[PDB]
Structure formats: C-alpha cells, structure tokens
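Alright, two takes on the same chain below, each alone as structure tokens: structure 1 and structure 2.
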Structure 1
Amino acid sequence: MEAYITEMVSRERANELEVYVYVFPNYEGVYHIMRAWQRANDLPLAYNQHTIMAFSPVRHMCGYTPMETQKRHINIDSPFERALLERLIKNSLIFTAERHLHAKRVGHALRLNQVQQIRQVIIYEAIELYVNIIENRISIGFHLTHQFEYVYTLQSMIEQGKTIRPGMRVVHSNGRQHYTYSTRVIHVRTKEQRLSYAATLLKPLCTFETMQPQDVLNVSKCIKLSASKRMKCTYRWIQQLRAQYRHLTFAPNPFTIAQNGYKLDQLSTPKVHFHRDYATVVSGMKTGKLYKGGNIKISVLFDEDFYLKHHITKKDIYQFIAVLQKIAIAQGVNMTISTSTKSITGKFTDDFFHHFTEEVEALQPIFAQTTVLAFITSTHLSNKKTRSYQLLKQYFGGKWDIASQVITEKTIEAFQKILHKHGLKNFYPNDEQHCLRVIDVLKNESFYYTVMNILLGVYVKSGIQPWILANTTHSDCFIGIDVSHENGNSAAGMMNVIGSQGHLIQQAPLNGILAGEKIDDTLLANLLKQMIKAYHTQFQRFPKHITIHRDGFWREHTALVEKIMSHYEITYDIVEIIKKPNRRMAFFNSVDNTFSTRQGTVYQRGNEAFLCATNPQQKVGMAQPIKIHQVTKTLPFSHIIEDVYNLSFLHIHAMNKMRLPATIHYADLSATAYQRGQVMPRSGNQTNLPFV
C-alpha cells in the first residue's frame, strides 16, 4: 500500500561527482567538435555554450585543442554548470541505454523493441528521461509511451497495383530527426519547399484519422493500458537500465516517495450547495433544486432534414422538449417557448443551410431575448461546404449576443430508440401524464446525463447558477489567466471565479498584442485594476487576499502585481498550474501486487506538489496528475493545494467532473471561443457562459 512515483534520487551528490571540463575559445557552439569527439572516442559527452563536460578523459581530439582542460567538480552556486552536468547525465543514460539494451533514439524518445502487430501496423514502446538537480541531489524522472508505424514503404505500394494521392502525408524515418511531408522518384512538399528522393525510404503516415476502421479499435485497445501494466512495464525497463549504469548509484527500491523526499497528503470532497448541503453533485442534481432558479424563454430552430433524410418530425421535437420543461420545473426553473417561430415555418431547408450568410440577417428579430435550441443534422454541422456550426456561433454569439444550444440527430435517434424499446410511444407531451412515465423510464439508464447536460448548458447560457461550494476558500479572490497559441495571432483571457464559494464575476480578453505568452505591463495593470473594481462592485468591499492561477509558466512581472496589491492593501499569491507534468503517481499493493490510484492525493516537496483529481476507469486509462507550483509566499502551501482541488468541483455545465479547477477550465474555453470570433468583447458580461 506504499506510494510510488516515476522518479529516483541518486545516492551521490552534485558536488561529489568527478568530471572533466574542456573550455574552448550563438548557442550552437562546440557542437561539431562534440560530434567529432563522439565518433572518434566512443564515450558520452555534453556541451553548453562553448564548454564540454565528460566523465572520462578524451584520448583523441581530432586535431582540436581546448583552451583549458580541468579535472574538477562542479560549482553548485552556478546554474550553468548544473545544466551542463544534467545534460551530461542524460547523455550518459542514453548512451548506456542504446548499448547493452538494444534501444534506438527516435524523435524525442527512445524506441524500445516491438510490442504489438495489428494488420500491417507496428506498435513500439518508448520512454522519456529527465534529469534535474535539486539541493545538491540528482533526480531522474521517466515516462513511458508508445509509437506507431506502417510496415510497408512507398516502394511496396508503387508496385502491386496501388495508387498514391498527390499530397498525402508521408514520413522519412531517420535517426532522431524524422520528418513529415522499380525505385520510382516521389516529389514531396514541406512548408514551401519541393524535393524528391528514393521511394523506399518514405512511408505513409500513421495517425488515428488516416487509419482505416477495424484498426483504430484494436490500436486503442493496445495503447490504453491499466495502472498495473503501465507501471510494471515502466519500472521493468528502468530496473534493467540500472544494471548497466554505474556512474551513479541508487537504492534497491528507489521508486517510493520516501526515497524521493515527497510527503503524502489526502484531501477530502467538498460540500456543494443546492439550496442546502449535498455530499455530491449527482445527489444534489437528482433529488434537489437549484441554488438560483428563474425563468427561461426558449426558441426552436428545426431543419427539415430531420424529416427528409431521417424520420424525425417537428411533433417529435416538441415531444422531446416537453420532457425538458417537466424536469426543469422541479428544479425551480420555468421554461416557456416563444411563439414567433410560427411565422417563419417551413424555413431551414438545405437551401437555407447553403445560403445561411444571405438568409440569416432577417432572422434576428424572431430569436431575440431567447435561448435558441438549434436542432441541426450532424452532416450540416460537419460538412465543409456548409460549415453551419461555425456560422451559427459567429452570428448568434459573435453578434446579437444570443445564447444557443446545438443538438444533432444522433441524440434524438438515441432518445427515440429508447422510447420505442420501452413502449409508451403512443403519446407524450400534452395531458402531462406520459411525461412522468417517460422521466421515470429515463431515470434508470445511462441516457440521463445527456438530458441533464443539455439542461445544464441551457441554464448556464441563460444566467443560472446551479450550485456553489458550501464552505469558503482560504483566499477571498481568484484570478485565472490563460493564453492560446492558434499558430500565430494569440488570444488570451483573464477571468474571475473570485468568490470564496464560486461565482463568475467578470471576464476580460487580453486582445491587445500580447505576442506569445507575454502580457504587457500596462495591459496587466489595467486588467488587474478592472478585476479589483469588478470585485468592488459586488460585496461592497475589498478582498483580504487574492490568488492568481496561471496556465503554464508564470512569465509575467511580479513587481507590478506586488505594487498594485500593496496600493489597495491586499495580500497576494501567484500559483502555476501544469496539466502535463509527464509523471505518474500510484499506490502499490503488495498483497495483490497491483497498482491503483486515489482521487485527491497530493505528493508535496518544497513549494511543488502533484495532485490527483480524476478517477478514470480501467478501459479509459490511468489518471493524469497536476503539478502545482507556488512562486510567492503568503499562505501555507497546503492551503493553496486545498483551494486548487476544491475549485475543480464547480463544473456547473456538466455532471461529469473536470480535472482542472474552474479558473483554468473556464478560461481556456473562453479563449478558444474568442479566438474563433464566437464572443464579442463589447459585453463581457458576468454569470453568463455562452461558450461553455
């Protein structure tokens, strides 16, 4: 029942390692000299900014004379030598893995033999290794993944009667620098560049999108391993590598958390507020009323294809909606359908979805001041000829500020299939008697979260707060910052889950410049002042503390934050959230000799921690940890971890728990929606989440 992490700390120390340093007379310095020495002398090496470090003397120098040669230790007070030693240790590990163990260096990983073969698709194993120096100690971390390839090359396809597309993606698999694009010549293009070489080298690219069906099923079955198999296969190769490595020594069992220095904490599930205290969200939603009800005016957008290509009539659509209005009335929410849709009856045909741009302008007054319930076939939404989803969002959210919920034909087909399979198909809706039986039937199957998620989307897009946290957080205000790349121009977002119980109060785009992952000083100051003013508008006071959650690495300027929060006399903390730590944590059970994972587990060391926030099934995979880093110091770090974990139970748009806290999960979605132009910055309203 011990706690295991994919890391190990060496018995040796950073300044106890004897190394050889060569100093020679751009960041690409002494690299060709490194390659020459590597080929000539057959020993691991590393370089950093015109300096080479080795573990053994270099006999042959290939006619190169270093300015200085030294046999010394590292200066731990200088991070330069720390980085150089880290690179040397990683290179030595790679060198020792390639020999004695038959490993290749492919891409960014180490290809490790073949594990599966699925109808001319080869699956290899692979591993990543990382070296860090923390307080005169060396820590090695490692992560196991997979790799895909096709057996046949383009040479085997030019013959045997097979064709080639003019511009399909092909791969030239070489050593560590693989690209993406008889003995016939194949002309290929990359970026803006034309070239050609032998067809035997190139192979077709292996991705999920391009693989034929009946292959994705089995590939997914192989590459979705449980906790036990993943952890065992990860530790077996590292134990194999320890035998051949002798520059550093480790413990007999280096993989526990005591040997790594972490300490263990176990958090608890917060209480949620549905007009009372509820243990879980599901319990509150099944048998409880909302925290803040109200009235909703819904409208209907129905396309004729439901009747033309499928067998769904408008009567069935209104029968489905009548079920929604009956579940909602039991939660304090009253929904009414606008009657303006009758004047535009018979519209929304194929021609309408082909000339949407011309036809939508006169359709605005019908759907004004309502929450649209679009009923569109998935073909229209997906087809690139129409692209109806993007245009609908751009014209309803990006203009006219109208919230809309989209439903495809698959949901209605599943609902109708379940309706037929349980009888009671004769009548529904009116007379308010068959609706109760329909709800009773629905409540005992898996098609209950679909209806509830549709309802939750409607509520949240129409200004309703389903529930909040029943206990206030340690801090009084949370500000979440997120950015998106989108291959060039970058859109960002600063948002407020400020309330100690959980309430959107304001959202704000970081449209101005921002280049990439950098917020201008004036922009940051103005946004912080706007956020604090927005908090002053509510609660009629100022917060005693503020916590700033940042998606990624905190690359901003701390002096401005300190000055601004000192002007208003508020304490502040800055926390980095890392959602891809590339580490795995698990509990080992010796009685059954198996691995497991528990939600709300924290491994903390110094001002860094790993948090477990999800509980996936065996066939879904193994839980992904979250890395929490504290940049400043004003509160205990355990309080920071507890607040981060608590703020993730606020997935008010879905009954399924999200891994990340609300400050990040509602910021990335907002940034993504704003980048595509589905939200206008004129309003920036509170408690409304059209993008959610």
Structure 2
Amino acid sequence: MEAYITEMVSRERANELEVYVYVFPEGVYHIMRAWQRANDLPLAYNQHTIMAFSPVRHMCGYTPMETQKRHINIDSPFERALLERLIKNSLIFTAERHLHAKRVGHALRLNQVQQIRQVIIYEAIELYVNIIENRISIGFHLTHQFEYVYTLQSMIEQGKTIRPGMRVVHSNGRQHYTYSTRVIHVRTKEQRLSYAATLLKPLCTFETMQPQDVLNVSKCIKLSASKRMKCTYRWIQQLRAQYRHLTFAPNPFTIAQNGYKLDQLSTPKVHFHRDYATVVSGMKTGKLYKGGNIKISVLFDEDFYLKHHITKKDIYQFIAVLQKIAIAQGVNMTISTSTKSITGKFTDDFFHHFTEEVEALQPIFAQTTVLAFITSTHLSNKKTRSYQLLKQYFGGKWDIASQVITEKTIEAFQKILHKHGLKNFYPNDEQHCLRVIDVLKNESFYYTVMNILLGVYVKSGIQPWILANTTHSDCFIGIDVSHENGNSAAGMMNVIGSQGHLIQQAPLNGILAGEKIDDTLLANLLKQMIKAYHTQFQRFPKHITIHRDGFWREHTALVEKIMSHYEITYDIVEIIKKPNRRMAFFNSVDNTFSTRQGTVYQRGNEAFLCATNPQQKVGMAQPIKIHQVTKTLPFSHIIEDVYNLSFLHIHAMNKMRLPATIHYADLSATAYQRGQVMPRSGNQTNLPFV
C-alpha cells in the first residue's frame, strides 16, 4: 500500500551526461531536419545551436562555427531547455523505432484497443521532460484517440453525398490540421486549399457522432483507475526496457524514488448554528447561519402549458412547498403581487420578440428574486435563445437575480406524485404538504430542490454556512482570467474572514481591455478588498492569501509595494487545474490502485492535491497542482487552507473540486465574457451567478 506518481527520475545527472554541441553563425530548423533524415539520429536545436547524443557523420554541407563534445552548463536556461528537448526527442525516436508508435497530434499513437461501427479507438501517451535541481524527471500521461475507418472515397463509392460544411481532417504526422480523385476546396482560414479528396476524413468528435455509438464510446474511454495506471506503467516499462541514454531504478514510480513527501489533510467543520461535520448533515435538520426575508416573483409562459400539460396551480404549489421547506430552516419567502397585474403574457410570440417586450417588464420584477419557468426548447434554440437573452437583460441591465427551472424538473416532480396518487387539490393544506415533503425526502430529487433553494438563497443575499475553525490566513483573494476571441474577462473573489463570511464578488469590472490584468486594477482589487475587510471587521488583516488560476503573469513587485503600506504579509500561490499527472495508492495484497481524498505530495514548493472522491463509473480522480511562490508562511499551511476553502460551495450540496476563490472567479469570468452580470456595491453574500 504505497504512493505512486506517474513520473520517473534518472540516476544520472544533467552535468554527468556527454553531448555534442554545434554552433552556427528559426535558424537551424532545416539543418537539423536534414541531418536527422541523413543520419537517422536524434537531434535537437535552439536559436543558433544544435545538440546531439552521438557524433554526426554526413555533415550535409554548411559551416558550423564550433563543434564540441561537452557537458551541460546547468546555470543557463538555454542549455537546460536544449537538453530537455534532446531527451524528449530521443525517447520519441526510441518509441517509434523499437515500438510500433506514431507521432499523431501532440501525443504518441499506440496499438488499437477497440473498434465499434466505423469508429476506431486508439491509445495515446504523452511525455514531458524537466530538469529540477540537477536531476532529470520524466512525466507521462495516457489518453485515447478517435478515428473513422472510412475516408471520403469509400463514402462516395457507396453513393453518399458530402455537404460543403463538413468537418474535414487530414492525417499527416504531427501537423494534423482540420478543415475518384475529386478536387476538394477546404477552407482552413481565408484562402482556400485544394486536395485530391483522399486522406481527408470527417472528424470523430462527440458533436458529430450519432447515437448507439456515443453510449459505447463513452463506456470504453471511461475505464477504472487500476486499468488506467497499469496500462501506462506497462507501456512505460516496455519503453524503458530498450532505452540506453538514461537509467532508472527497478521501480522508479513510487514517490520515495522521486523527491515527494506525503501529507494527509482532514475534513473541516461547517457552522450553521453549531458545529457540523458535513454540509449534507447541516442542510438536513439544521438552521442557517444568516437567514432573512426574501420576496420572490414568478415568471411563466404559455408554451410551458400549451406544449406540456402543466398548469399554474402546479407551479404555485411547488413554490409553496419550497417556501415551507425554507421556513423549516429559518428563512421566509413571500410571493410578489406586481406580477398579478399582467396575466397571459410571455407567449411564444413574446419569445420571438423578447428584445422589444421587456422594457415595460422592469417595474413589476424589481427588488425581487425572479423565478423563471421557461421552456428548454425556447432556452436553447438559436431563434429563441431564451436563457441568454433573459440573463443578459435581467442580470446584465437591471441587476436582478433569477433562477431558471425547465420541464425535466417539473415532470420528474410530477411522476412520483402520480405514482402514489397524490395528484389533487393540495393548496394551503398542512397535512398534504407535510406528506409531500416526506415523500420528497425519500429520493434524489430532494437534492434538486435543495440546489434550487441554495441558488435562491445566494442570489438573495443569504449566507448559508461558514467554517467552524479560522484558517491560518485572515482573508483570501481569488483571480481568474479567460480569453475568448479578442477581448478577455477577469473574475475576482474577496473572501473576507478566516472562516468565510463575505463570499461576495469584487465590486469591480472584469472586462480587461488588454491581453492580461494590468497593475492599475491589481492595486484596486486588494485596496477595496482591505477596505471592505476593515468595514466588516473593524480590524486590519494580518495576512492575505492570493490564489491565481494558472500561472502568475503579473508583477510580484506591485503586491509587495502596495501591501507594505499597511504592513501585511501575503502569498502569490498558483493553482493548476490540469496537472497532466495521476496520483494513486497501490495495494500489494491484491493488485489494485485507489485514491484517497485530501492527499498531498510535496516537493520543494510544488504539491499535488487530491480534492475529490469520484466513483468507478465517473472515472479516476483528477489531481490539482499547487505552486507556492512566496516563502512567508510554512507551505503546509497554504495547502491546508486551499483544501479547507474548497468546502465553501454555498451554491450546491455537491463537493466542488477547486477552492471557492477560483471556482467562482471562473464563473464570474464567464458571466462577464457573455455579459450576464454587472458590478454591485454592498456588504453581504453576493453571488448573482451560480
């Protein structure tokens, strides 16, 4: 029962390897390719330099200024990068020659494993080479690939037609690219290209597939953790059994062989009105931390009744059930009456004219949480696009928070009612509503009801829960940035309180004019965050923990310069969502890999955290990478804070994987990119999004 990482480390060292360096007076790409094809040898290059493992015989002309047999100069990034590319190319060459592998699209194609009804399922692997303090580390990740067995000629010969708008891909080595000797005019971008209608195939994306295949493709590519680890380790051992440029231990995969130390964090305690072990047991039979009064206005459409046999009495009794479930936990909702003046509106013609029939709707829906019951076919169809327009109007302009409920919830709720024969007049009946609540607590739809209620709460300023124990840091900042088309969006979080008290957003614009965040907005973020912290606590914070989504491209000097005025310590921790590695615990009693939530592998100032416990059907747990940049606090504290801050998912009763500072910053960035949110100033729980 030992910890395993999908990495290896070499017994050799960077400066203990002998290489050949050629120096010429981009640059030498064509020279390197010529030498590679002439001398069938692994080579690599950089700006004006070439490196190889063995001497080159057929020099193929040219005048290399210098030729040396030497070791690496480890104090230069150039040489370390060139050596990393050298080992990467050497491993690729070894895998291609002695193993039947191909370089297909950023990975290495392997032996076919499955084929179902004109769909070919391959196996792929990817390798990364790093130099970490005079040591050579190699990380490997396993994936799959999809293809169609038939090219265009076979389909034409079978008397099929090819649409001008098809998705076309050409299989030529690593280049890949997507778009009777027919001439095909393919539009990659702007100018057209011509091809002989051969070696061009339609894509095998999930979008363009057809049923009876997707249900099996998904079943095939979602395999257990044990299989995913065992196949990868088997192929890696086969590759290393015939590689001679580096050596490794008999079992290079355990964390002991790497520079990794094991830590195990523990589940925090949540506080509603006492100390609770879990959020689930706190929502069920438990009050709320900061309740209040909410007024909710209902939105209805005729199409939800014309197409689907649901009447407004069902919607209103559902709302009454929600209100009394809410009052069972210390919050009261009252139905607004401004919507009673307008009856029969929001017809299908209204949905085809959503733009010009919302100007007179603002006065009746103001100062309320607007529940919406629009039809999904209207929500998704491009002609109607009810969801996008509804959000961009309500939240985008009038700053009104809304929650959408589609049919599937409604008939799922009605099916159990019809099963037990409860369908009857159940309005303002305490016993009938009590038995409805009792029969709603015996199935998974209770979680749907609770998710809807939590969304309503957080949209109406209710603060569901907090952490029982204060974290090692006073307050947290969360940053996320998204790039779509030209413009970029920024999502921010100011978690005020060592337990989580103001999970509100940053009352600032996130629409970045430039490519990234400028220092001027970075200043204001923490400036008004500290001001809000003092406004809500009357005390300045001793330490502020910053979380960044991705890599910190901003300047380190600005944070120190602005936080030295108030004499506050900080951190610049980075969080990476795709580590491209796996974490496992192997059991020697019976060959099996498993995973345990709250596991940390640490080395220097870099750690791998396991924050989820997925089932076998879902797949395998996906680690998360923590890179602590600043040195102020002990790094065992930052990891624990990151793990603890991921239990403040006040919008759902499902365990979020990311911390609350980045998992909501992402949502804010998406809402700003599409325009479904506007800045709001206040001191309360403010999450207009989910």
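In this text, the rigid core denotes the largest set of C-alpha atoms whose superposition between the two forms falls within 1.5 Å. The first residue in the sequence of structure 1 is number 1, and each one after it adds one.
**OP:** Select from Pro509, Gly293, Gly398, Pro254 the only position whose Cα moves 2 Å or more between structures 1 and 2 when the core is aligned.
**Re:** Correct option: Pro509.
Original post:
So, does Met622 move by 2 Å or more at the CA between structures 1 and 2, with the core held fixed?
Top reply: No, shifts by less than 2 Å.
Original post:
Taking the rigid core as the frame, does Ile133 move its C-alpha by 2 Å or more between structures 1 and 2?
Top reply: No, its C-alpha moves less than 2 Å.
Original post:
When you overlay the rigid core, is the Cα of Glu98 off by 2 Å or more between structures 1 and 2?
Top reply: Stays below the 2 Å threshold, so no.
Original post:
What is the C-alpha shift for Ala491 between structures 1 and 2, rigid core superposed, to one decimal in Å?
Top reply: On core superposition, this C-alpha lies 1.1 Å from its counterpart.
Subject >> Core-referenced Cα shift (Å), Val216, between structures 1 and 2 >> reply: Superposing on the rigid core gives a C-alpha shift of 0.7 Å for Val216.
**OP:** Look at the Cα of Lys518 between structures 1 and 2 with the rigid core superposed and state its shift in Å.
**Re:** So the C-alpha of this residue moves 2.9 Å.
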